[PDB]
Amino acid sequence: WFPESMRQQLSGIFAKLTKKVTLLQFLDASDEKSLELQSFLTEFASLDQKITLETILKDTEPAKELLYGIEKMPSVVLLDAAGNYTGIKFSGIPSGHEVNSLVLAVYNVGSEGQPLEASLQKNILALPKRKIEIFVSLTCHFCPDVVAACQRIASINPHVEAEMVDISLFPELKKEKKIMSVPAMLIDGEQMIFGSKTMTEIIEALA
Ligand code: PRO
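Residues in the sequence shown are numbered from 354 upward in steps of one, following UniProt numbering.
So, in structure tokens, the structure goes:
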């Protein structure tokens, strides 16, 4: 899944990791996309000692599934070093260009993150409880930026959750919610917001 070209870049980033991180997949052994995700994550986890992949079979741990709100499949969530749910989730496989999203989520959970303005970080911490779904395709070039911003907010604010959704895996959901444009944010199952958005714009929408 990862060319040595990528591994050169990812090692630069993973060198910055100061805290351990756990990727927890809920694996349905009878679903091909779950097995693909397992193959992807196994290789991804091998990129750094601080990244652990753990596997739980779907429908064996209902208390955990409740705790992490596991609905869409395939599914993987991010846990911090202490074992706590960061609110960061991927529904589908974040392969192709979405590797960017997974890398940034791991970086933000396994480090202190990039220097940020007190103005921005105040607003992030000030945000109320919220659940964000970021709909993407694997070939959408502007999608990872939006995903990474929302999931960075989730990594800082304990009440914000940010779920990447590969919309091409959920065609019925695409019609229902009317995801027409390629990157789309859905907040608390209500307000749709399409197109690229800055951190400050996202924070405002979350306010
Ligand atoms: O990798 C690091 O540690 C530095 C910190 C700010 C930007 N990069």
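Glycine included, every Cβ here is placed at the ideal spot set by N, Cα and C.
- At a threshold of 7 angstroms, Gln361 does not count as near ligand 1, since its beta carbon sits no closer than that to any of the ligand's heavy atoms.
- Not one heavy atom of ligand 1 lies closer than 7 angstroms to the C-beta of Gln474.
- Secondary structure of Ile546 (DSSP, three-state): strand.
- Closer than 7 angstroms to some heavy atom of ligand 1: that describes the Cβ of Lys369.
- Judged by DSSP in its simplified three-state form, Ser444 adopts strand.
- Counted as a single uninterrupted DSSP element, the beta strand (DSSP E) harbouring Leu406 occupies residues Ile404 to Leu410.
- Going by beta carbons, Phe488 and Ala458 fall outside the 8 angstroms limit.
- If you ignore the 5 residues before and after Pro427, its C-beta comes within less than 6 angstroms of the C-beta of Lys386, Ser387 and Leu390, all in its own chain and listed in chain order.
- A Cβ-Cβ contact shorter than 8 angstroms links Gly463 with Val374.
- In terms of CA proximity to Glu465, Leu370 leads the group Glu407, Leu370, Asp381 and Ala479.
- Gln467 has its CB nearer than 7 angstroms to a heavy atom of ligand 1.
- Here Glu486 is near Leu539, since their CB atoms are less than 8 angstroms apart.
- Note on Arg483: 16 or more other CB atoms within 10 angstroms of its CB, so buried under the neighbour-count rule.
- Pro511 sits away from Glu451, with the two beta carbons spaced by 8 angstroms or more.
- Annotated as proximal: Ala398 and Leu406, with beta-carbon spacing under 8 angstroms.
- The DSSP-derived three-state label of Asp401 is coil.
- In the DSSP annotation of this structure, the continuous segment of the beta strand (DSSP E) that includes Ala515 starts and ends at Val513 to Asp519.
- Residue environment: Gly440 is assigned as buried (16 or more neighbouring CB atoms within 10 Å of its CB, all protein chains considered).
- Judged by DSSP secondary structure, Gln504 falls outside any beta strand (DSSP E) and instead within the alpha helix (DSSP H) spanning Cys496 to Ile509.
- For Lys403 and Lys372, the gap between their C-alpha atoms comes out near 7 angstroms.
- Where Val430 is concerned, there is no enclosing alpha helix (DSSP H), although the beta strand (DSSP E) around it starts and stops at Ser428 to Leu432.
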